[PDB]
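Single-structure report; data block below.
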Amino acid sequence: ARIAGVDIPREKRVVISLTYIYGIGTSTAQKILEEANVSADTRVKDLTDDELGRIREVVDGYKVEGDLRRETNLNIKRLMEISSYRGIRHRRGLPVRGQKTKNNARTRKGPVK
Amino acid sequence: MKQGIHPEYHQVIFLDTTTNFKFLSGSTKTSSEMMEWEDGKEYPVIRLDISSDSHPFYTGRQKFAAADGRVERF
Amino acid sequence: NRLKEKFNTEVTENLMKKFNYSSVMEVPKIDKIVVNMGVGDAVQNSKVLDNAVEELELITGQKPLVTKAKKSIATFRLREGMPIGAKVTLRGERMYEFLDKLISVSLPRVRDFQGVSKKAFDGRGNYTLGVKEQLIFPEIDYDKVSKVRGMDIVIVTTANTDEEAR
Amino acid sequence: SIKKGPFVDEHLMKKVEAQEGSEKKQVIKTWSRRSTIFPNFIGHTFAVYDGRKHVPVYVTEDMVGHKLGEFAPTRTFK
RNA sequence: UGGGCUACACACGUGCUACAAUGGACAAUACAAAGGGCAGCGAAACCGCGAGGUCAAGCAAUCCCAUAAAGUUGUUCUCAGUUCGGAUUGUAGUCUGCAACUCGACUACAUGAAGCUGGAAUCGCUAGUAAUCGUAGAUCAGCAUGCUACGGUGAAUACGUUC
Ligand SMILES: [Mg+2]
Ligand SMILES: [Mg+2]
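Protein chains in written order, with the authors' numbering: chain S4, 2 to 114; chain LF, 1 to 74; chain LK, 2 to 167; chain SI, 4 to 81.
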């Protein structure tokens, strides 16, 4: 429980316990599970008090930052409110991407019905 | 520091990966693994922090992502 | 203890030859560190928020009261906080807890301090005070620390916090 | 979106690549809403719609990699 | 030529995919029918995380697309807004095209919302039948949950004419 903020869950498999952290989950969690003495065997909160050090030193080496680059999606997105399209007037007037804005139950961006 | 009502706290050694520069106090207690004498010869169980390895200011992080900059020849 | 001797070896020659004071005992000392933590519930939640601060600094913590019993929430003499003074062996130690790094989202705290020559801060949750554990705490225990100096210039407060990230 | 030359319409290139000489500002008269932004674009507007609009759109240093002159919308909502 | 037929607080039809443990993931692992393909179908071995790219012999029971899938044996998650579901949303591609912004489709990278078998009411079915996962086709350069066709697994129930 040290990776990004905390990694809350105990006694799961680590290959999906590293999904609760942001930016890594279920398929690059297999990939970033790349270390000797690091294998999922129902020891999430066990089997490692120094072996955990390599598998977040490499995450600090893993260039896409996980949580430190939460500013870049709003850098890109807020950059796209220069009024072109595809974020421009799905947010300045707030309809939804999905190409059919009122014919079906578009409620995933709508408040209610 | 009137008697009785307070929980006890005393020094530790915080075994950081960079010089372990913490001998200050705290309420945490566990098994004294590696005692010292240059620091507080006490409960050494303060485990590890991320104090002096990468500050957002007094260090260097990785570079920024991407400008316009079509350096791929489209 | 080593933080005090750096206050008695490092900042002595610096602040007396950058601000250019005359005498030697003129540097801004650090006075009390007050820690106040309000509670949004005038009923029962403060029964479970007593123990949170006592894990960070074991002084018991006063439960204050209101003064006026204002408009639409509470009547007179409830509890809505927990001030704790921290003065000498704690003010050289809780300010020596430079592990707000656990918060990590741009630990640079503030730029504008306040107009009079004190310096107040903020936190959010179980980040700082690394003695506590993130298991038994399903509530945002967020605090409001302070730092007041004997100096009478906010420029002097800009220099004096040289070792806490801004 | 592929490799091989992001498909500026060529007559627009014919206008711009020799239009950039002096300090004059006569912009487009195009209504070809297809081409992307070549990086060698000077300060000028455009006219990018043909039903009824010549919306003068800014060539300002936006994310120039978009394969569209889509700064000009087509309809209203309310 | 270039916009539109797709726009939007909304109202209702049809269809699909799901709320989990007779379920999910994971490698291994058998058995069909009906179809199309002479610039079309495309193997084998090859370079890619996959979407695919190059070349490339065989060609109408024989050749190609073309591994059917469900299930069996076995590992594992162990009853959770959850290793349930992919709705949403940016980057980085592929292909068809003169071009994919308005306005396609698919892939892996994180993002992971609504939802606990659904009020009043209301439909469809009597043995290879409803349900279950699949197969092919026309339309068509490219793009179907619809559409008409085809096999596999396969029950429960009908004493009675009163409403
Ligand atoms: Mg129509
Ligand atoms: Mg084959």
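Even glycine gets a Cβ: it sits at the ideal position worked out from N, Cα and C.
Check your understanding: By Cβ distance below 8 Å, which residues in the same chain neighbour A166 (chain LK) in space, the five residues on each side in sequence not counted?
Key -> On the third sequence, position 165 is the one that residue 166 (chain LK) refers to. Here the set comprises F99, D101, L108, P109, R110.
Practice item. Compute the minimum distance between the beta carbon of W37 (chain LF) and the heavy atoms of ligand 4, and state whether it is under 7 Å. Key: Although ligand 4 was asked about, the structure shown includes only ligand 1 and ligand 2 as ligands.
Practice item. Ignore the nearest five residues each way along the sequence and tell me which others in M26 (chain LK)'s own chain have a CB closer than 8 Å to its CB. Key: In the third sequence, counting from the first residue as 1, residue 26 (chain LK) sits at position 25. Counting only Cβ-Cβ distances below 8 Å, and skipping sequence neighbours, we find nothing.
Practice item. Consider the Cβ of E6 (chain LK): report whether some Cβ of chain LF lies at a distance smaller than 8 Å. Key: The residue labelled residue 6 (chain LK) in the question sits at position 5 within the third sequence. Not an interface residue.
Exercise for review: For the beta strand (DSSP E) holding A121 (chain LK), just list the boundary residues, first then last.
Suggested key: Position 120 of the third sequence holds residue 121 (chain LK). 119–121 is the span of the beta strand (DSSP E), which, as asked, contains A121 (chain LK).
Exercise for review: Note down the Cα distance separating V58 (chain SI) from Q22 (chain SI), rounded to an integer number of angstroms.
Suggested key: Taking the first residue of the fourth sequence as position 1, residue 58 (chain SI) is located at position 55. Taking the first residue of the fourth sequence as position 1, residue 22 (chain SI) is located at position 19. Spanning the alpha carbons of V58 (chain SI) and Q22 (chain SI) requires a straight line of approximately 20 Å.
Review point. How close, in whole Å, do the beta carbons of residue 75 (chain LF) and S52 (chain LF) come, if the pair is a contact with beta carbons under 8 Å?
Key: In the structure as shown, chain LF starts at 1 and stops at 74, and residue 75 (chain LF) therefore has no counterpart that could be examined.
Review point. Comparing the C-beta of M66 (chain SI) with each C-beta of chain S4, is any distance below 8 Å?
Key: Your numbering for residue 66 (chain SI) matches position 63 in the fourth sequence. Closer than 8 Å: yes.
**Study point:** Residues bridged to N127 (chain LK) (per DSSP)
**Key:** In the third sequence, residue 127 (chain LK) corresponds to position 126, counting from 1. DSSP output for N127 (chain LK) lists no bridge partner at all.
Review point. What residues in its chain sit with their C-beta under 7 Å from that of residue 1 (chain LK), if we drop five residues either side in the sequence?
Key: Since the first residue shown for chain LK is 2 and the last is 167, residue 1 (chain LK) is missing from the structure and cannot be characterised.
**Study point:** Rounded C-alpha distance that separates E35 (chain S4) from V15 (chain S4)
**Key:** If you number the first sequence from 1, residue 35 (chain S4) lands on position 34. If you number the first sequence from 1, residue 15 (chain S4) lands on position 14. Using only the alpha carbons, I get a separation of about 12 Å.
Check your understanding: At what residue ranges does the region 44–111 of chain LK contain a whole run of the alpha helix (DSSP H), taking only runs of 4 or more?
Key -> 51–55, 92–95
Review point. Name the DSSP bridge partner or partners of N74 (chain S4)?
Key: Numbered from 1 along the first sequence, position 73 holds the residue referred to as residue 74 (chain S4). According to DSSP, which records beta bridges pairwise, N74 (chain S4) is partnered with nothing at all.
Point to revise | Option in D65 (chain SI), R36 (chain SI), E13 (chain SI), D12 (chain SI) with minimal Cα separation from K56 (chain SI) | key: Against the fourth sequence, residue 56 (chain SI) aligns to sequence position 53. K56 (chain SI) has its Cα closest to that of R36 (chain SI), out of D65 (chain SI), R36 (chain SI), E13 (chain SI), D12 (chain SI).
Review point. When Cβ atoms are compared, which residues of the region 44–70 of chain LF fall closer than 7 Å to chain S4?
Key: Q62, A65
Point to revise | Beta-carbon gap between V30 (chain SI) and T48 (chain SI) smaller than 8 Å | key: Locating residue 30 (chain SI) in the fourth sequence gives position 27, where the first residue counts as 1. Locating residue 48 (chain SI) in the fourth sequence gives position 45, where the first residue counts as 1. Yes, the pair counts as a contact, with Cβ atoms nearer than the cut-off.
**Study point:** Burial state of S47 (chain LK) (16 or more Cβ within 10 Å)
**Key:** Looking up residue 47 (chain LK) in the third sequence gives position 46. A residue is called buried when at least 16 other Cβ atoms come within 10 angstroms of its Cβ; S47 (chain LK) meets this threshold and is buried.
Exercise for review: Grab me the residues of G88 (chain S4)'s own chain with a C-beta within less than 7 Å of its C-beta, minus the 5 sequence neighbours each way, in chain order.
Suggested key: Walking along the first sequence from the start, residue 88 (chain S4) turns up at place 87. For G88 (chain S4), where only same-chain residues beyond five positions count, the Cβ hits under 7 Å are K78, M81, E82.
Review point. Is it buried or exposed for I154 (chain LK), if we count other Cβ within 10 angstroms and need 16 for buried?
Key: Against the third sequence, residue 154 (chain LK) aligns to sequence position 153. Counting Cβ neighbours within 10 Å, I154 (chain LK) comes out exposed, since fewer than 16 surround it.
Check your understanding: Would you say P59 (chain SI) faces chain LF, with C-beta separation under 8 Å as the test?
Key -> Taking the first residue of the fourth sequence as 1, we reach residue 59 (chain SI) at position 56. Chain LF, which has no Cβ nearer than 8 Å to the Cβ of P59 (chain SI), makes this no.
Review point. Which class does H10 (chain LF) belong to by DSSP, given the choice of helix, strand or coil?
Key: Taking the first residue of the second sequence as position 1, residue 10 (chain LF) is located at position 10. In the structure shown, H10 (chain LF) sits in a strand (DSSP, three-state: E or B).
Review point. What residues in its chain sit with their C-beta under 7 Å from that of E6 (chain LK), if we drop five residues either side in the sequence?
Key: For this step, residue 6 (chain LK) is matched to residue 5 along the third sequence. Within the same chain, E6 (chain LK) has no close Cβ partners at all.
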